[PDB]
Amino acid sequence: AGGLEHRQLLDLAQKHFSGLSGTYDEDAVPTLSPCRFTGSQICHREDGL
Amino acid sequence: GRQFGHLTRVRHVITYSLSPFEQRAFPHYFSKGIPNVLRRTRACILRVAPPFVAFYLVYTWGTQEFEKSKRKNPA
């Protein structure tokens with residue numbers, strides 16, 4: 001973001017980020033599972049504060 | 001009277017709690033409940049039972065005597 005043409009940014013990406021791993025990753029993708037929300041309570045009692 | 005926030009001093013104690021709609025109100029009611037009742041009665045029976053057994057023996061003897069003390073003898 002700033003004073004820069006998008007053409008320039010794409011040229012540099014294809015130059016310096018071409019060595020990245022391809023689209024396939026040998027079947028080991030992180031798939032975020034849903035996260036259970038729990039109605040609950042935690043109290044850290046510290047009367048010195 | 002006494003209020004919350006003026007009772008006593010506590011430090012370094014953490015309490016974890018779960019909502020009552022997230023857990024069961026009768027969890028292992030018979031699985032863990034009965035063995036706990038056995039432990040509780042076992043632990044106190046020797047302190048409670050003897051005096052009430054002692055009462056039972058006096059109660060049966062006293063009535064047994066009275067119930068027949070007014071029977072007649074040949075003399």
# chains A, B, ... in the order shown; residues from 1 in each chain; ligands from 1
call {"tool": "interface_residues", "arguments": {"of": "chain B", "to": "chain A", "cutoff": "7 Å", "atoms": "only C-alpha atoms", "output": "list in words"}}
result
residues 9, 10, 11, 12, 13, 14, 15, 16, 17, 18, 19 and 22 of chain B
call {"tool": "write_last_selection", "arguments": {"atoms": "N, CA, C and O atoms", "output": "mmCIF file, in the first residue's frame"}}
result
data_model
loop_
_atom_site.group_PDB
_atom_site.id
_atom_site.type_symbol
_atom_site.label_atom_id
_atom_site.label_comp_id
_atom_site.auth_asym_id
_atom_site.auth_seq_id
_atom_site.Cartn_x
_atom_site.Cartn_y
_atom_site.Cartn_z
ATOM 1 N N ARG B 9 -8.948 -12.336 53.097
ATOM 2 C CA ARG B 9 -7.870 -12.174 52.129
ATOM 3 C C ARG B 9 -7.500 -13.534 51.546
ATOM 4 O O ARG B 9 -7.308 -14.500 52.292
ATOM 5 N N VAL B 10 -7.402 -13.606 50.220
ATOM 6 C CA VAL B 10 -7.049 -14.837 49.521
ATOM 7 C C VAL B 10 -6.123 -14.482 48.368
ATOM 8 O O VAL B 10 -6.328 -13.477 47.682
ATOM 9 N N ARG B 11 -5.116 -15.327 48.141
ATOM 10 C CA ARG B 11 -4.122 -15.086 47.108
ATOM 11 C C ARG B 11 -3.731 -16.392 46.434
ATOM 12 O O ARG B 11 -3.558 -17.416 47.099
ATOM 13 N N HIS B 12 -3.581 -16.336 45.109
ATOM 14 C CA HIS B 12 -2.943 -17.393 44.324
ATOM 15 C C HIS B 12 -3.820 -18.631 44.180
ATOM 16 O O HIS B 12 -3.305 -19.732 43.965
ATOM 17 N N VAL B 13 -5.140 -18.469 44.280
ATOM 18 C CA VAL B 13 -6.092 -19.580 44.211
ATOM 19 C C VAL B 13 -6.939 -19.389 42.964
ATOM 20 O O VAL B 13 -7.582 -18.345 42.799
ATOM 21 N N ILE B 14 -6.952 -20.403 42.098
ATOM 22 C CA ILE B 14 -7.696 -20.374 40.845
ATOM 23 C C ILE B 14 -8.876 -21.335 40.954
ATOM 24 O O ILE B 14 -8.735 -22.450 41.469
ATOM 25 N N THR B 15 -10.036 -20.904 40.452
ATOM 26 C CA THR B 15 -11.253 -21.710 40.430
ATOM 27 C C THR B 15 -11.741 -21.832 38.994
ATOM 28 O O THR B 15 -12.038 -20.823 38.350
ATOM 29 N N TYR B 16 -11.839 -23.064 38.505
ATOM 30 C CA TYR B 16 -12.467 -23.361 37.225
ATOM 31 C C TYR B 16 -13.890 -23.847 37.470
ATOM 32 O O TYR B 16 -14.120 -24.688 38.344
ATOM 33 N N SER B 17 -14.841 -23.318 36.702
ATOM 34 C CA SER B 17 -16.247 -23.689 36.835
ATOM 35 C C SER B 17 -16.869 -23.842 35.455
ATOM 36 O O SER B 17 -16.475 -23.171 34.499
ATOM 37 N N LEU B 18 -17.857 -24.728 35.370
ATOM 38 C CA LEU B 18 -18.601 -24.966 34.143
ATOM 39 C C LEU B 18 -20.048 -24.510 34.301
ATOM 40 O O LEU B 18 -20.625 -24.570 35.391
ATOM 41 N N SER B 19 -20.626 -24.046 33.198
ATOM 42 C CA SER B 19 -22.014 -23.621 33.208
ATOM 43 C C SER B 19 -22.921 -24.805 33.544
ATOM 44 O O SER B 19 -22.596 -25.950 33.217
ATOM 45 N N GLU B 22 -24.110 -26.830 30.509
ATOM 46 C CA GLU B 22 -23.099 -27.587 29.780
ATOM 47 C C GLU B 22 -22.821 -28.957 30.384
ATOM 48 O O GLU B 22 -22.138 -29.766 29.745
#
call {"tool": "atom_distance", "arguments": {"atom1": "CA of residue 36 (chain A)", "atom2": "CA of residue 24 (chain B)"}}
result
17.5 Å
call {"tool": "select_by_dssp", "arguments": {"residues": "chain B", "states": "strand (DSSP E or B)", "output": "ChimeraX atom specification"}}
result
/B:11-18
call {"tool": "atom_distance", "arguments": {"atom1": "CA of residue 51 (chain B)", "atom2": "CA of residue 67 (chain B)"}}
result
24.0 Å
call {"tool": "atom_distance", "arguments": {"atom1": "CA of residue 53 (chain B)", "atom2": "CA of residue 65 (chain B)"}}
result
18.4 Å
call {"tool": "decode", "arguments": {"residues": "region 21-46 of chain B", "atoms": "N, CA, C and O atoms", "output": "short mmCIF file (atom, residue, chain, number, x, y, z; two decimals), in the first residue's frame"}}
result
data_model
loop_
_atom_site.label_atom_id
_atom_site.label_comp_id
_atom_site.auth_asym_id
_atom_site.auth_seq_id
_atom_site.Cartn_x
_atom_site.Cartn_y
_atom_site.Cartn_z
N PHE B 21 -25.80 -25.50 32.21
CA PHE B 21 -26.39 -26.01 30.98
C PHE B 21 -25.39 -26.80 30.14
O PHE B 21 -25.80 -27.39 29.13
N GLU B 22 -24.11 -26.83 30.51
CA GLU B 22 -23.10 -27.59 29.78
C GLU B 22 -22.82 -28.96 30.38
O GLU B 22 -22.14 -29.77 29.75
N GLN B 23 -23.33 -29.24 31.59
CA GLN B 23 -23.01 -30.47 32.31
C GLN B 23 -24.30 -31.13 32.80
O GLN B 23 -25.40 -30.59 32.66
N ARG B 24 -24.14 -32.31 33.39
CA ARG B 24 -25.27 -33.13 33.81
C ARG B 24 -25.49 -32.98 35.31
O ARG B 24 -24.53 -33.01 36.09
N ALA B 25 -26.75 -32.80 35.70
CA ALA B 25 -27.11 -32.62 37.11
C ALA B 25 -27.06 -33.92 37.90
O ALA B 25 -26.91 -33.87 39.13
N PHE B 26 -27.19 -35.07 37.24
CA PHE B 26 -27.04 -36.39 37.86
C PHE B 26 -25.96 -37.16 37.12
O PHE B 26 -26.27 -38.04 36.30
N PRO B 27 -24.67 -36.84 37.36
CA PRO B 27 -23.60 -37.61 36.71
C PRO B 27 -23.13 -38.76 37.58
O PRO B 27 -22.66 -38.54 38.70
N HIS B 28 -23.25 -39.99 37.08
CA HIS B 28 -22.84 -41.18 37.83
C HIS B 28 -23.54 -41.24 39.18
O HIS B 28 -22.92 -41.44 40.22
N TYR B 29 -24.86 -41.04 39.15
CA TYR B 29 -25.63 -40.94 40.39
C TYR B 29 -25.53 -42.22 41.21
O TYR B 29 -25.36 -42.17 42.43
N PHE B 30 -25.63 -43.37 40.55
CA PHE B 30 -25.46 -44.66 41.22
C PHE B 30 -24.05 -45.21 41.09
O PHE B 30 -23.60 -45.94 41.97
N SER B 31 -23.34 -44.87 40.01
CA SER B 31 -22.00 -45.40 39.80
C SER B 31 -21.06 -44.96 40.92
O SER B 31 -20.39 -45.79 41.55
N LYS B 32 -21.01 -43.65 41.19
CA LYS B 32 -20.18 -43.10 42.27
C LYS B 32 -20.97 -42.81 43.54
O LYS B 32 -20.35 -42.63 44.60
N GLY B 33 -22.30 -42.77 43.48
CA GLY B 33 -23.07 -42.35 44.65
C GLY B 33 -23.10 -43.40 45.74
O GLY B 33 -22.79 -43.11 46.90
N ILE B 34 -23.47 -44.63 45.40
CA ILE B 34 -23.60 -45.69 46.41
C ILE B 34 -22.27 -45.96 47.11
O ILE B 34 -22.26 -45.97 48.35
N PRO B 35 -21.15 -46.17 46.41
CA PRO B 35 -19.88 -46.40 47.13
C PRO B 35 -19.53 -45.29 48.11
O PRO B 35 -18.90 -45.56 49.14
N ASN B 36 -19.94 -44.06 47.82
CA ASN B 36 -19.70 -42.95 48.73
C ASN B 36 -20.61 -43.04 49.96
O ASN B 36 -20.18 -42.70 51.07
N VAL B 37 -21.85 -43.49 49.78
CA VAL B 37 -22.74 -43.68 50.92
C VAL B 37 -22.22 -44.80 51.82
O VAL B 37 -22.34 -44.74 53.05
N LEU B 38 -21.66 -45.85 51.23
CA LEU B 38 -21.09 -46.93 52.03
C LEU B 38 -19.90 -46.43 52.84
O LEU B 38 -19.77 -46.74 54.03
N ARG B 39 -19.03 -45.64 52.22
CA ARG B 39 -17.89 -45.08 52.94
C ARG B 39 -18.36 -44.19 54.09
O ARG B 39 -17.77 -44.20 55.18
N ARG B 40 -19.41 -43.40 53.86
CA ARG B 40 -19.86 -42.45 54.87
C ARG B 40 -20.49 -43.15 56.07
O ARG B 40 -20.24 -42.77 57.21
N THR B 41 -21.29 -44.18 55.82
CA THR B 41 -21.89 -44.92 56.93
C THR B 41 -20.85 -45.76 57.65
O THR B 41 -20.85 -45.85 58.88
N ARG B 42 -19.95 -46.40 56.89
CA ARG B 42 -18.87 -47.18 57.48
C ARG B 42 -18.04 -46.33 58.43
O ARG B 42 -17.65 -46.79 59.51
N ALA B 43 -17.79 -45.07 58.06
CA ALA B 43 -16.90 -44.21 58.83
C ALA B 43 -17.52 -43.75 60.15
O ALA B 43 -16.77 -43.39 61.06
N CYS B 44 -18.85 -43.76 60.27
CA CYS B 44 -19.52 -43.22 61.45
C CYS B 44 -20.37 -44.23 62.21
O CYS B 44 -20.89 -43.89 63.28
N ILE B 45 -20.54 -45.46 61.71
CA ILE B 45 -21.51 -46.37 62.31
C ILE B 45 -21.12 -46.72 63.74
O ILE B 45 -21.98 -46.86 64.62
N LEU B 46 -19.82 -46.86 64.00
CA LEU B 46 -19.38 -47.27 65.33
C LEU B 46 -19.57 -46.18 66.37
O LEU B 46 -19.58 -46.48 67.57
#
